[PDB]
Amino acid sequence: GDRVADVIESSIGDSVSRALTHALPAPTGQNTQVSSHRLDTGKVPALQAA
Amino acid sequence: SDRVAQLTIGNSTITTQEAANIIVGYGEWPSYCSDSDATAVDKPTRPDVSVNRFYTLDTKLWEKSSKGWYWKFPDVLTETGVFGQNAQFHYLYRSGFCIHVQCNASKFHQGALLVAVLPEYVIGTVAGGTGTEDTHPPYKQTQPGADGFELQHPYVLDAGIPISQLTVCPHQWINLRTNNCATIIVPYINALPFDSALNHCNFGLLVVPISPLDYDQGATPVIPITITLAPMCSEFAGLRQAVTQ
């Protein structure tokens, strides 16, 4: 049996590999939606951090 | 009530009191490209009234010996008005056309003109006469511009095909004793939703006399044939700097 706390609460032995991503069906190329002019501050899709 | 007509589009209006109805190429009116046929993603520009209007581009003289002429679309308009500018500034173009060919005379003149529209009107050469030389037509003959070009061998349409079967294409006749004009409406015809107005001519307009012009000495001998046309549902995409070719 287990009695000391660190042992009861440990994750030692977890065999379930957590996955951050999952597959989605994609039988066709994505579509393009209508868009209009946007003149905002704060929003900046073009800027990235490679 | 079928003889009289008024064509109004943009800031231009046409009238005729001796018409012969209107032809709608392949039975379908021009239309804008649907979102399912389209492929290019940029939002198109549809100038409307500034480009979908009637443009009178050229006048030819019908003579007793005339062989016939042809014009290429959209080549004829690439350098005219706002339409031309849009065709030059954009890679992609698409539109329909309303063609109105005018030719009046008197109740004493006679002759008949066949006015027809032939899609993908590729021009051929006489191959050096003997047919042993693989020559090719020059740019000024494939894309003659607003002045058009005169057919050298109308019987074979300068492309090895019988003009006698040209009526399988949207057409009308101008039989002087009957009507003084021909009106044909053409939808956009291509295997692609949009294309270049400069590199590709969707169809050609042919105006060929099948029954020769005739009249007696004393009657007005100058019988003009004027070409007026209007783009319909013009759409443009792929914007950048202007290019003439």
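Protein chains in written order, with PDB author numbering: chain A, 1 to 50; chain B, 10 to 254. The C-beta atom is built at its ideal place from N, Cα and C for all residues, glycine as well.
Check	Outcome
Taking the straight line between their C-alpha atoms, what separation do you get for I172 of chain B and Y164 of chain B?	6 Å
So, for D2 of chain A: in the same chain, excluding its five sequence neighbours on each side, which residues have a beta-carbon less than 8 Å away from its beta-carbon?	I8
Exposed or buried, which one is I232 of chain B when buried takes at least 16 other CB atoms within 10 Å?	buried
When we look at the beta-carbon of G29 of chain A and count the other beta-carbons within 10 Å, is it buried (16 or more) or exposed?	exposed
Considering only the beta carbon of each residue, do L238 of chain B and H109 of chain B sit closer than 8 Å?	yes
What residue range does the beta strand (DSSP E) around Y79 of chain B cover?	78 to 82
Determine, using beta-carbon pairs with one atom in the region 201 to 214 of chain B and one in the region 70 to 87 of chain B, whether at least three such pairs fall under 8 Å.	yes
Using three-state DSSP, classify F63 of chain B as helix, strand or coil.	coil
Cβ atoms of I170 of chain B and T151 of chain B: under 8 Å apart, would you say?	no
At the level of alpha carbons, what is the spacing between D57 of chain B and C42 of chain B?	15 Å
Write down every uninterrupted run of the alpha helix (DSSP H) in the region 118 to 185 of chain B whose length is 4 residues or greater and which is fully enclosed by it, in chain order.	148 to 151
Which one or two residues does DSSP pair with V216 of chain B in a beta bridge?	B:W78, B:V124
For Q26 of chain B, collect the residues of the same chain with a Cβ closer than 6 Å to its Cβ; drop the 5 residues on either side in sequence, then sort them by chain order.	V13
Within the same chain, show all residues whose beta-carbon is closer than 6 Å to that of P146 of chain B, passing over the 5 residues directly before and after it, in chain order.	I132, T134
I need the DSSP call for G19 of chain B, collapsed to helix, strand or coil.	coil
Is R103 of chain B near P202 of chain B, with beta carbons less than 8 Å apart?	yes
What whole-angstrom Cβ distance do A155 of chain B and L66 of chain B have, given they're in contact under 8 Å?	5 Å
Are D223 of chain B and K73 of chain B touching if we call contact CB-CB under 8 Å?	yes
Please identify the residue among B:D44, B:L101, B:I32 whose C-alpha is closest to the C-alpha of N208 of chain B.	B:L101
According to the Cβ coordinates, are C107 of chain B and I194 of chain B closer than 8 Å?	yes
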